[PDB]
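Residues per chain, in single letters:
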Amino acid sequence: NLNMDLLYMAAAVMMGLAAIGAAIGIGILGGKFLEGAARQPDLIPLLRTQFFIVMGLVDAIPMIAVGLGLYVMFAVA
Amino acid sequence: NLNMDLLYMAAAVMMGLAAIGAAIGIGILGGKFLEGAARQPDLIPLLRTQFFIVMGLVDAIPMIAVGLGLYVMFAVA
Amino acid sequence: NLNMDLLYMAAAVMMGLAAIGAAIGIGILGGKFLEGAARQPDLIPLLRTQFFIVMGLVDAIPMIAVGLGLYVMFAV
Amino acid sequence: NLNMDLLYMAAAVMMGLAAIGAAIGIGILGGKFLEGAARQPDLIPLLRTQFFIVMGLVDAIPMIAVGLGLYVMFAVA
Amino acid sequence: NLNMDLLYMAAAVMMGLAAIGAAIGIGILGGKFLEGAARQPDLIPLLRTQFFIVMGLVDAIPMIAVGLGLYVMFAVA
Amino acid sequence: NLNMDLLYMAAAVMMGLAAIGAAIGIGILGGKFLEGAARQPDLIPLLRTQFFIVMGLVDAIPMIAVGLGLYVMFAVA
Amino acid sequence: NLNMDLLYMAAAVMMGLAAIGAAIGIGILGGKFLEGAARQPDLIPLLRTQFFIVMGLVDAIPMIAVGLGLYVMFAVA
Amino acid sequence: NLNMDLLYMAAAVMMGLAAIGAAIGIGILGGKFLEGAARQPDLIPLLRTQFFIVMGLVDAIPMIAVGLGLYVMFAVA
Amino acid sequence: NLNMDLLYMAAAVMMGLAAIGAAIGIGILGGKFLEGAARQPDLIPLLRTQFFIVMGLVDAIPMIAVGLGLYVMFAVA
Amino acid sequence: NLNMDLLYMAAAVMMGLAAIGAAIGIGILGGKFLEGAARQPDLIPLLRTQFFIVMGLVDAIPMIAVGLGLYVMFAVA
Amino acid sequence: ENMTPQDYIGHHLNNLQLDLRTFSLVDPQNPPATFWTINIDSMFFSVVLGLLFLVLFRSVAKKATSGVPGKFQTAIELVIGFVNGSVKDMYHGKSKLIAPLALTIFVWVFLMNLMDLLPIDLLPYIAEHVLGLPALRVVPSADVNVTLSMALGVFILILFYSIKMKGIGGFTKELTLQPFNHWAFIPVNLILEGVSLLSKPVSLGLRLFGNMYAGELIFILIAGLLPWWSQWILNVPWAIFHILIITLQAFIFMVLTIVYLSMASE
Amino acid sequence: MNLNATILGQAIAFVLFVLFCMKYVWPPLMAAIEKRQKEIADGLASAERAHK
Amino acid sequence: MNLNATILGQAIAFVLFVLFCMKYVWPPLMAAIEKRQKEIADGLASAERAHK
Amino acid sequence: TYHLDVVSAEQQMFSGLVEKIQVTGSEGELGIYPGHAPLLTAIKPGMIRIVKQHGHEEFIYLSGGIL
């Protein structure tokens, strides 16, 4: 039975830590982007481009985590 | 009984960690938004729009975690 | 029996981590609010509006966590 | 029996996390208060009002945790 | 018997988390107080007054936690 | 036999921690990248090179961790 | 009698969290003290006074934790 | 079970904590690298040389845990 | 079997947390020291004399935990 | 058999915590070193001397933890 | 005398309780169950120290001169002006109560803490052997019941002043409407502000209790565990630190009392 | 530790030391200190008035 | 355990603590009192000079 | 509204009451509403936006200075 039960916890930890990492990293990076926007409002279309360029790197691993969590919760269950 | 007593802890880890991540990430981002808005009251709506844009990125993974924690807690029971 | 006491442990984990989140994030936000008020003391009524705007989304998840803690605790 | 030994542990974890949260949140908020007073101490009476106005919300939830921890320790026992 | 083993651990968790919270909160607040005192000597007494105003609020929940951990240690176990 | 679940648990831990680190370190580094880019908006092609030069180092150990987590999950388990 | 090893663990956790709290609080506080000295090097004997006044509070809870952990580890065990 | 599964958990802990440290320390360090490179866009070679000098020391002690976790998984288990 | 083993686990947790505490605290303290040395290099011989004083307090409490971890491992066996 | 198989986990805990502590401490220290080197580039050979001075104190506690973790793994288990 | 070190440390944490049902001394080995069992050692040392404070201050308040003050009068007036300035700095009302209340709090708590410095087993030894009493511990502030006693008194003052200086109407408004300011959030607002009101006195009492208790408990440990020839090198570096603690833990009590009473009315 | 009736006995000792202090101890000491302060202040004030 | 040895070690440590006190804690207090009587005498001296 | 003065070393360039201004401060664009906390900063060369009471905007070109 435990082969069924524990897996929901093993995905629980994965999708908790993924959420903390992604939320905190994007919060920091977006905060710096916002302070840059407030000072150089004209550069907004440039800083936004660079912000999106960089965000895909922080979002890289957390989505491995979240997809493996969904798999384990539904695929192997 | 023996089975269900652990799925509520599986939900608990997901949602505690997701609440921490989302709360602190939005806290940082909103703090930077308020600083930039306190420098320039005139840009407040533009900074608000950029804030809401980035904030959608902020709580995506946290909200996947909230959905799956509610699922486990009310659909797998 | 062993069933119920673990429910309270999970409820405690939920409602403690929610407290951590909702305290630290609103502290980080209110510190910036306060320095901005000390900077533009006339715009205080204007800045407090945005402060609550963002406070709501900060509290978004901790409140779901709290309601599920109370559910697990008393409703099952 | 095991019930009280585990319930004391549940209350312990709940109040411990509540204390960490409330203490660090009011510590940050107060650090900002003190810096804003240090720059100009005639706004002490005003910053010290906004300070409580915000501390009332900073310590909202942590006292929900304390409130239920005390309940579990003294009412559920 | 089984009681004291777990009860001592519960008190231990409680007071460890209390020690983390109070120490870090007072560290931040005192760091800001000392930077303010270095910025503007001759205001040391007024800033110290305000510092104690805040420090009194910081340590509340940690001190309830310390009190109840000692209660558990020397009253229940 | 029951052994197989602890391997998934171990990979969950390993990859979650690798995700935490790989997210937050790059979050900081990119926040500073943007902060530097807002200052000298013409030095983006240079700062953006130095950024990858350093970012190669940040994610290495997280990448080792992620690969070993994947091996443990699919190959061994 | 299994009782003893668990009490040793309960003392270890108390003293470890106390060590973390009392080390990081005083590190943050001493960093601000030192940057204050760098600015007003002739005021050092006054900021040492204020620093020792405040540090007696950072070590309030951590030293109680150390005492009770050292107690449980010897007196009880 | 107990033999093989726990060793994978020990490696998981080792190479998750090593990931945390080796990621966040280099993120912090590279943030200041990129700030200096934004203040002094001529020094970039000198500052990157200093950055590698220190980064070797930063990453060194995580790598002990990395090699040792690979050893534990493959050599021991 | 498991009586002597777990003593090593308690020593491990104790020394691990002590190491984190002393490491992070002296890291912050020496960071502020280096900043003060950079701003006024001709003042270094005094800031170092104050740095050692503070550092003595910082690590002081992590080091009795170090002593007790060594005690638990060797002396209690 | 569980006795030494868990000693492997104990060394894992100990030296993983040591790893993150030393890594983050040196990261902060080096970040401040680089900022100093950026403010006074004529001064690098002195600030690096001081940095090596204090980096020996930072890791001092981490290094013995590494020694003891390696010992527990190879010598004991 | 078969004192095992774990048992000697035990006897030191025993109060000298007297039972009020029969006015009899509660023996350490069996603790009777009841709420009616006064801790006698502490209440004595507490009333005695308050009497010593009041006598010392009165034998000068009845003589103080406006010329060049004596070397003893000067020491008292120093602390008088210190407490008076701490009050003036944090209170502007006309109440005559606040200043003497803070003076008594500061000096009395300071003296009670001062007991912590004496050799642990001096008075307990004299109390067992010379008099015959079964147990004694001589630090009043290292006991729960006195500290929260003062906290509850100050709490009743908090309520008295909150009612007087803004009336039941403003008091009920503050309790309910804050901090969310909407009548929708009143139900929750009462819990937060209600306990947060309760948090002040409880935390006040426990800040003093925990510190004094666990600063005493060290001397009991250093005394019992280490051999006589090694006790000093760990004892004196602890008392040199508790000399700072005893002062700070009385000054903080005074200051927070002043603050709670002044922020209640204004 | 263990709560006791002593929390009640100590509330008697506390209140009584606050009343006797409030009445007898504080008022006279502050009276004497203010009596010194006033004399030096106004004496020097008279001194600077006559100088002009 | 022998209890007399503990009473010996506590006496040793108390002697050492008193010897620290006399030479680091007491001199400051007497200095403060002496300096406040110096101040008060001068301030009375101010009123005497003012009468002159 | 508050009182703004723009003065060169040679001649006065502006005066009067103002609703707000926008300057390109040294560390980044900046905006001074009434009651603003005491601030001191260098400003980069460029235009300074004024909106005189009753909303009358005007631009002055400043080669630089200290605000």
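Colleague: Would you explain the overall build of chain A in this entry?
Modeller: Helix and strand content of chain A: three helices and zero strands. Walking chain A from its N terminus toward its C terminus, one meets helices and strands in the order α-α-α. Relative to the compact-globule value of 11 Å for 77 residues, chain A shows a C-alpha radius of gyration of 17 Å, a clear excess of over 25%. For chain A, the C-alpha atoms occupy an extent of roughly 60 × 15 × 10 Å along the three principal directions. Per-residue burial for chain A yields a buried fraction of 64% across its 77 residues. For chain A, restricting intrachain contacts to residue pairs at least 6 apart in sequence, the fraction spanning at least 24 positions comes to 73%. A total of about 2,600 Å² of accessible surface is found on chain A, and carbon and sulfur atoms cover 70% of it.

Colleague: In this structure, what is going on with the interface of chain L and chain K? I would like to understand it.
Modeller: Think of interface size as the accessible area that goes away when the parts come together; that is how it is often given. Chain L puts 26 residues into the contact, and the matching count from chain K is 46 residues. The class makeup of the residues in the side of chain L that touches chain K is 19 nonpolar, five polar and two charged.

Colleague: Which parts of the structure should I look at to understand the interface of chain I and chain G?
Modeller: Between chain I and chain G, the residue contacts involve 36 residues of the former and 38 residues of the latter. Of the roughly 3,000 Å² buried at the junction of chain I and chain G (both faces included), carbon and sulfur atoms supply 84%. Three residues, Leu17, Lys32 and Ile61 of chain I, lead the burial of chain I against chain G; their summed loss comes to 18% of the area buried on that side. In this structure, the connection of chain I to chain G is made through one salt bridge. Our count for the chain I to chain G interface comes out at two residue pairs in polar contact. The set of elements that each furnish at least two residues to the side of chain I that touches chain G consists of α1 (2–39) and α2 (44–76) of chain I. A per-element tally of the side of chain I that touches chain G places α1 of chain I first, with 20 residues.

Colleague: Just to check I follow, could you spell out the pairing of strand β7 (residues 46–52) of chain N for this structure?
Modeller: A regular strand places its side chains so that they alternate between the two faces of the sheet. All names here are of chain N. Strand direction decides the pairing type here: strand β4 (residues 17–25) and β7, joined by four bridges, are antiparallel. Paired with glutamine 22 across the bridge in β7 is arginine 49. With seven bridges joining them, β7 and strand β8 (residues 56–62) adopt antiparallel strand pairing. By the bridge assignment for β8, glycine 46 is matched with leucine 62. Counted along the chain from β7 to the antiparallel partner β8, the turn is three residues long, and its residue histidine 54 has a positive phi close to 70°.

Colleague: In this structure, what is going on with the side chain of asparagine 211 of chain K? I would like to understand it.
Modeller: One can find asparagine 211 of chain K in helix α7 (residues 186–225). The exposure class of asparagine 211 of chain K is buried, given its relative accessible area of 6%. The residues touching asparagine 211 of chain K, leaving out its near neighbours within four places in the chain, are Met63 of chain E, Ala60 and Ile64 of chain G together with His242 and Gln249 of chain K.

Colleague: I tried to follow helix α2 (residues 44–58) of chain G on my own but got confused; where do I start?
Modeller: For an α-helix the count is 3.6 residues per turn, leaving residues at separations of three or four pointing the same way. Taking 1.5 Å per residue, 15 residues should reach 21 Å; α2 of chain G reaches 20 Å between its end C-alpha atoms and fits that length. Where α2 of chain G is concerned, the buried positions are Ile44, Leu47, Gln50, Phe51, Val54, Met55, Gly56, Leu57 and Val58 of chain G. Of the surrounding elements, those touching the buried residues of α2 of chain G are α1 (2–39) and α2 (44–58) of chain E, α1 (3–39) and α3 (60–76) of chain G, α2 of chain I together with α8 (232–265) of chain K.

Colleague: Sorry if this is basic, but what is going on with the packing of aromatic side chains here?
Modeller: The geometry of an aromatic ring pair comes down to the distance between the two centres and the angle between the two planes. Counting across every chain of the model gives 43 aromatic pairs over all chains. Relative to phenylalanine 51 of chain A, the ring of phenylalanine 33 of chain A lies with its centre 5.3 Å away and its plane at 15°, an arrangement referred to as stacked. One end of the pair, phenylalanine 33 of chain A, is in helix α1 (residues 2–39); the other, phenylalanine 51 of chain A, is in helix α2 (residues 44–58), with 18 residues separating them in the sequence. For the pair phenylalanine 33 of chain A and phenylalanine 51 of chain A, one class covers both residues: buried. Centre to centre, the rings of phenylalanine 51 of chain D and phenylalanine 52 of chain D are 5.3 Å apart; their planes meet at 55°, and the pair counts as tilted. A connected cluster of aromatic rings, assembled from ring pairs, spans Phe33, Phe51 and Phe52 of chain E together with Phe82, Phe106, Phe110 and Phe251 of chain K.

The rules behind the values
- Residues numbered from 1 in each chain as written, not as in the entry; some residues may be left out.
- Chains lettered and ligands numbered in written order.
- Part of a larger assembly, values for the part shown.
- Heavy atoms only, no water.
- Residues with missing side-chain atoms left out of burial classes, pairs and counts.
- Helix = DSSP H or I, 4+ residues; strand = E, 2+ residues; numbered from the N terminus.
- Rg over C-alpha atoms; globule rule 2.2 N^0.38 Å.
- Buried < 20%, exposed > 50% of the residue type's maximum accessible area, 1.4 Å probe, protein only.
- Contact = heavy atoms within 4.5 Å.
- Areas by Shrake-Rupley, 256 points an atom, 1.4 Å probe, with all protein chains shown as cover.
- Nonpolar A, V, L, I, M, F, W, Y, C, P; charged D, E, K, R; others polar.
- Buried area = accessible area lost by both parts, 1.4 Å probe.
- Salt bridge = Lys/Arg side-chain N within 4 Å of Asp/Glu carboxyl O.
- Polar contact = N/O pair within 3.5 Å; in protein donor to acceptor, adjacent residues only side chain to side chain.
- Pairing = 2+ DSSP bridges.
- Expected span 1.5 Å × (residues − 1).
- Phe/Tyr/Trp six-rings, centres within 6.5 Å; stacked < 30°, edge-to-face > 60°.

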